[PDB]
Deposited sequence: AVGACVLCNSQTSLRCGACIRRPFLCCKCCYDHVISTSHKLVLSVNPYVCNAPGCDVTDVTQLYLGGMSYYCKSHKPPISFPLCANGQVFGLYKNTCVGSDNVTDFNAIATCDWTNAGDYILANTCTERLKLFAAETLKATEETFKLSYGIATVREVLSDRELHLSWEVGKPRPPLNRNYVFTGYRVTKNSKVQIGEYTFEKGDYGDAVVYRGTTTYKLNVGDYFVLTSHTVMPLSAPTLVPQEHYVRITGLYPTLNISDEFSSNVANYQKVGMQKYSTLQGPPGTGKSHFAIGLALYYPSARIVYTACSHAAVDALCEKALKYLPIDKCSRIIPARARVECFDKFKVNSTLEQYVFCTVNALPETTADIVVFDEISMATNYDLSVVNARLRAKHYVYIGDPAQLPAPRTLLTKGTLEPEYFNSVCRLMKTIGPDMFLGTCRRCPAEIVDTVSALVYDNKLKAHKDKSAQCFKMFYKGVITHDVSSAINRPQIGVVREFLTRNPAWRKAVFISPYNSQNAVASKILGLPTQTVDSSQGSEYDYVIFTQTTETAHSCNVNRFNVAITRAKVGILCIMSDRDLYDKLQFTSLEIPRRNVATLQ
């Protein structure tokens, strides 16, 4: 019951028993909380409650110190002191934003805005509260019990009456019951056991409810600027491949942390792995939130870094398959490739955090907690997709509120900008350069003359809330017969249910915009499906069209984004 004040540090006995995290609040700060919020339960060694038998007054504003104990106005002795007076709550050693964070339900963008404009101590209170709220919300969904098993990859589900049914995307990972984790895709649902098992009738699935550990470390260790490359030892024999990155590699060494904004295809992986070659004796930990992101950095390491000095860290509760050409779970290899969730307690000369738009402030804190490093490098792009906010239903989360790194990148700019797209036909580079990159992104490739747009609103049907547009798929089917080179195309849409239908009708491989991020394909076919804020999100749109190396066909619903595409228009 003795801790530091989660605003001003001042030690106290006082936590808030109304906050769902139970933060330590100093007397001066615990007052400003309880007199401005529905939050009236103060905890100490024992709860500030009325000690009078049978009395249920718990509100600190209605309570007095009666010698040693606490009483309401109905029970206090003559010589009694109000617990709340003179801007303070009585305690040992004797904030608007804190109040908003403490009380918000996290369904409003403004909640996320505040949690990124506040002080650093509040960003950690914010991130813990939010994750706690996210996890305790999970308990409010209905159970899914197997009616009938059709095949090895399809089944029929019976749902609990009285409680809502959650959306069946890959995002929402269920646990079967302890028969391992399972995901679904929509009267025929596709079932994918992360662990293989001849699915039983009667068996049930419930959502992975994980306990929110406290945070300790800041999102961002305080900045240090050095006059000289600190704690790292450079070569004077650096492969010409990486000669472009050398001045930025020296910036990495002359600062505590650094931020790299690389638009799609500008050589982020190449910069990350090139940093190892420039500082060849430096121990580097390569981390990102997703397995795919860490598996990209592993592929790029395989090509340039000695395979004997590389480990892929795999958590024993292994969900999806990942990189297999490194030594698995050797914490002490010079090069360690690990998702945030799975990072060991260790130290490093450099930490590289990739796909930083996908990072939460919680993730930015856990990294600073598990890795003590001389230098932190934050790589990604705030013009790309953030981590989904399952509670956020009102307002759009701007890039400058994704996390502390994106906030820095969007205010003071990034330390380093990769300014040349080497992946995309110039039509795509010119479009996204203007849309999200303030015309700073340059094309290396020529116009492909294989980038097409078609304005076709079609007809929008919903599988619950996931959108489908059969006519936009039909137009794609017509196009494919006349453009057989596109038969190898990846189909991409903002909606699982659209992808589900496009899979059956077109037979192309299928990807949501959000799962496409980090990947590249020669040809892409994008159907926008709807004109919602989801499908018109400039960040989603940027990722969608920058997956293509050669060609893209965009069937558009939105005039604005359609007109902005510097592509050749088609007809029909």
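Missing from the model, by position in the deposited sequence, are residues 95-102, 186-193, 203-206, 593-601.
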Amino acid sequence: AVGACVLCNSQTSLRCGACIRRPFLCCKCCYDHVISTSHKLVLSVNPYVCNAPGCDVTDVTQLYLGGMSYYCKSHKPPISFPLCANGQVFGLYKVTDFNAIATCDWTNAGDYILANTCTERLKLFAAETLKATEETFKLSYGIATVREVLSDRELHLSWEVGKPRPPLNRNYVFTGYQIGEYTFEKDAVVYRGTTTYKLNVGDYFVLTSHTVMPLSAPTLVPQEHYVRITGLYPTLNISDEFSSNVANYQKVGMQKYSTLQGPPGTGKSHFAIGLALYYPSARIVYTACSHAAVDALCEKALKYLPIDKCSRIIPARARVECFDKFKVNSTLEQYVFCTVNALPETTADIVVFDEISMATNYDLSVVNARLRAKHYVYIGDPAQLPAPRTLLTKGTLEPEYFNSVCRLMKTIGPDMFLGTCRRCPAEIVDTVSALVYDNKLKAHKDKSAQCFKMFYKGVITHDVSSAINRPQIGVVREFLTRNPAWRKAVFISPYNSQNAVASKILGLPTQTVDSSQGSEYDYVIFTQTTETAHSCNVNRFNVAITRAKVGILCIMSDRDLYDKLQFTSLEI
From here on, numbers count along this sequence of modelled residues.
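Only the largest set of C-alpha atoms that superpose within 1.5 Å between the two forms is called the rigid core.
Relative to the displayed structure, the C-alphas of 73-81 lie farther away on average in 9 other deposited structures of this protein than those of the other candidate, with 73-81 and 250-258 compared after rigid core superposition. Root mean square Cα distance to the shown form, taken over structures and residues in 9 other deposited structures of this protein after a core fit, is higher for 300-308 when 352-360 and 300-308 are compared. For residue 318, the record comparison shows coordinates absent in at least a third of the other entries of this protein that model its neighbours. In this crystal structure, the stretch out of 207-215 and 190-198 whose C-alpha atoms carry the higher mean B factor is 190-198. The deposited model assigns a higher average Cα B-factor to 324-332 than to the other stretch when 485-493 and 324-332 are compared. Sorting 452, 417, 184, 98 by the CA temperature factor given in the entry leaves 184 at the top. Of the candidates 105, 400, 154, 427, the deposited coordinates give 154 the top C-alpha B factor.
Sort the chain's modelled residues by C-alpha temperature factor and residue 25 lands in the highest third, per the entry. Residue 309: CA B factor lies in the highest third for its chain, per the PDB record. Per the deposited record, the Cα B-factor of residue 158 falls in the highest third when ranked against the other modelled residues of its chain.
Residue-level temperature factors show residue 535 in the lowest third of its chain, judged at the C-alpha atom. Annotation for residue 300: CA B-factor lies in the middle third of the chain's modelled residues.
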